[PDB]
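S.K.: sequence unknown, structure follows:
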C-alpha cells in the first residue's frame, strides 16, 4: 500500500492568506493525485485532480502542484468558506489510498484558559466512584497541556481529556480533563491539583482543593 | 445536482450485521464504479473496495473479505454495503463515492457518510452529578458550575441549563467511553452575583432510556 502523508493535522489561517497544504507519497505516483475538501457531516468534494488540474466548478483560488512524491494544494486569497478538512489521494495503483487530512482553522488573538476544578460530589461518592473534573475554557491557541497531581505527585492513569471544536463564533477552544478513581483510592489522599500550561502565561495556571476542608 | 445520499447513523450490537444504503440522484450509477471508504475516529480514510453496478463485479481489499459485502441496483440507483460479525473496531463513518468506470480513481462524487457505532453494551440511563465549587474564601468574579453525566449508553444525551434560558457561557463536551459506557460534562459560567441568589439547574435527557434528570447546583459538595 502506498502511504500518503499529510504531516500537518491543523493549520491556523486568516481570510486573505495564501495557504499551502502538503502531501507526500511513499512511492512515485506521477501526477496521479487528487485533493478533496470536506466539511463536518458533509460529502467530501473533488477539488484538484492529476495533481494540478482544477475540477469543474471549483473556484480559481485553488491550485495544486507537484509530482513524483511531493504534492501541494494551494489556496490563494483564502475565504471563510475554505475553512475545512483537506485530503490527498493517489490513484496511481491499487489499493487507492488517502492522506489523513489537514484541517484549516481560524486565527484570532491568544486567550488564556479559564480553569476550574471540582471535587467528587457526595452523591457520586455514595456510589463508590470519584471523578475530579477540571475545565479549561475559552483559550487560544489550541496547544495546551494539563497535568494532575495527587498530594503533589503527577497522576498519569485514570484521566480522560475531551475537547470541543473551535468555536464558530468566538474562535476559542475549550477542554475538560477528568480524573476518575474509586472512592477508596480518592479517600486515601488530600490534595488534588489541575495544572494548565499554555503559551499565555509563564506560570502555569494551578487549581486545587483539599479533601479535608471540602 | 449530482448527489449521493447515504442512510442515517446506526447504533448496533457487536456480532450483528448492518446494511448501509447510498442513493444516487441527478445521475445514473451504471457507468461508474461505486467505492466505499471507512474513516475511524482520529484516523485517516481507508478504502474498502468497489462494485461495478453494471455487472455486479466487486473487488474487496483483504482486510474486509468476509466483513463487507457490496451490492448495487441500477434501476433504483442504489448501492449497498453489508457489514457482518461487527466488532468495536468497525465503529467508523462509512462513505460511498463514485467515479467513471474508465477512470483510474478520481472521486468527484461522495455521499455524506454514515456513522456506525458497534458495542456489546446494554442501554443504561446516566447518573448526573452536580459540580459545585468548594467554599474557598479567595474573592472572585464569574463563577463556573457544571454537571457530570456518567455511565450511559448509547449516545446521545442532551444537556441544557435553566431549561435553555442559560445558553451563552455553556460548554458541553464530546462524550468518551469508560469501559463500554459514556461520560461527558457540561460547564456553565454566570456572574458571581447571580449565583447562588438565582437558581442554576442542569437538565439532562437521554431519549434511549426515556430519562430526564434535573440537578440543581447548590453551594458546598
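M.R.: Great, that's in hand. Numbering: from 1, shown residues only, chains lettered A, B, ... in the order given.

S.K.: Just list the residues touching residue B:15, thanks.
M.R.: Counting by CB atoms under 8 Å, 6 or more residues apart in numbering or on different chains, residue B:15 touches B:85, B:86, B:120. The C-beta positions use only the backbone N, C-alpha and C, and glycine is treated the same way.

S.K.: and if you look at residue B:40?
M.R.: Per CB under 8 Å, 6+ apart, neighbours of residue B:40: B:46, B:89, B:91, B:92.

S.K.: 10 Å instead, please
M.R.: Counting by CB atoms under 10 Å, 6 or more residues apart in numbering or on different chains, residue B:40 touches B:46, B:89, B:90, B:91, B:92, B:93.

S.K.: quick one: the fourth one and residue B:115 touch, right?
M.R.: Yes - shown here, residue B:91 and residue B:115 form a contact pair, counting by CB atoms under 10 Å, at 8.3 Å.

S.K.: Just want the most central residue of chain B.
M.R.: Nearest residue to the geometric centre of chain B (CA atoms, centre = their mean): residue B:115, 5.8 Å.

S.K.: now it: how far from residue B:191?
M.R.: 39 Å (CB to CB, to the nearest Å).

S.K.: buried set for the helix or strand where residue A:175 lies?
M.R.: Per DSSP states H and E, residue A:175 falls inside strand A:173-182. For strand A:173-182, the neighbour count (16 or more other CB atoms under 10 Å in any protein chain shown) marks A:173, A:174, A:175, A:176, A:177, A:178, A:179, A:180, A:181 as buried.

S.K.: Per the annotation, how does chain B divide into domains?
M.R.: For chain B, curated CATH domains gives the domain ranges B:1-120, B:121-219.

S.K.: Of these, which is nearest residue A:49?
M.R.: Residue A:49 lies closest, by CB to CB, to one member of the domains of chain B: domain B:1-120, at 4.7 Å.

S.K.: any idea how far the closest one is from the chain center?
M.R.: Computed by CA atoms, centre = their mean, to the nearest Å, the chain-centroid distance of domain B:1-120 equals 17 Å.

S.K.: Likewise for stretch A:177-196?
M.R.: For stretch A:177-196, the distance to the chain centre is 26 Å (CA atoms, centre = their mean).

S.K.: next one: stretch A:107-122
M.R.: 17 Å.

S.K.: do stretch B:118-132 as well
M.R.: For stretch B:118-132, the distance to the chain centre is 16 Å (CA atoms, centre = their mean).

S.K.: Nearest to chain B: which residue in chain A?
M.R.: Closest to chain B within chain A is residue A:91: 2.6 Å, counting by CB to the nearest CB.

S.K.: Excluding chain neighbours, what is closest to that residue?
M.R.: residue B:105 (2.6 Å; CB to CB, 6 or more residues apart in numbering or on different chains).

S.K.: wait, what's in contact with that neighbour?
M.R.: With CB under 10 Å, 6+ apart, residue B:105 has these contacts: A:32-34, A:49, A:89-97, B:33, B:35, B:47, B:50, B:99.

S.K.: Looking at those residues, which are in strands?
M.R.: Using DSSP state E, the subset of these located in strands is A:33, A:34, A:49, A:89, A:90, A:97, B:33, B:35, B:47, B:50, B:99.

S.K.: who touches the last one in this structure?
M.R.: It stands for residue B:99. So residue B:99 contacts A:34, A:46, A:91, A:96, B:32-35, B:50, B:105-109 (CB under 10 Å, 6+ apart).

S.K.: Neighbours of residue 25, how many?
M.R.: If you meant another chain, say so; for now it's chain A. 24 (other CB atoms under 10 Å in any protein chain shown).

S.K.: Oops, wrong one, chain B.
M.R.: Using other CB under 10 Å, residue B:25 has 11 other residues around it.

S.K.: isn't it right next to residue B:98, touching?
M.R.: No - Residue B:25 is beyond contact range of residue B:98, at 11.9 Å (criterion: CB under 10 Å).

S.K.: Residue B:59 versus whichever residue of chain B sits closest to chain A, what's the distance?
M.R.: Proximity of chain B to chain A (CB to the nearest CB) peaks at residue B:105, 2.6 Å away. Separation of residue B:105 from residue B:59 (CB to CB) stands at 13 Å.

S.K.: picking up where we left off before, can you select the buried ones from the contacts of residue B:105 in PyMOL?
M.R.: Buried subset of these, written as a PyMOL selection, criterion 16+ other CB under 10 Å:
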select buried, (chain A and resi 32+33+34+49+89+90+91+92+95+96+97) or (chain B and resi 33+35+47+50+99)
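
S.K.: re earlier: take the ones in strands among the contacts of residue B:105 and lay them out in JSON lines including distance to residue A:139.
M.R.: Output for the ones in strands among the contacts of residue B:105, formatted as JSON lines (distance: CB to CB, whole Å):
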{"residue": "A:33", "distance to residue A:139": "36"}
{"residue": "A:34", "distance to residue A:139": "36"}
{"residue": "A:49", "distance to residue A:139": "39"}
{"residue": "A:89", "distance to residue A:139": "34"}
{"residue": "A:90", "distance to residue A:139": "37"}
{"residue": "A:97", "distance to residue A:139": "36"}
{"residue": "B:33", "distance to residue A:139": "46"}
{"residue": "B:35", "distance to residue A:139": "40"}
{"residue": "B:47", "distance to residue A:139": "37"}
{"residue": "B:50", "distance to residue A:139": "44"}
{"residue": "B:99", "distance to residue A:139": "42"}
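
S.K.: so which of those comes closest to residue B:8?
M.R.: residue B:35 (20.7 Å).

S.K.: And the closest one, how far from residue B:107?
M.R.: Residue B:35 is 7 Å from residue B:107, by CB to CB.

S.K.: No more questions from me, cheers.
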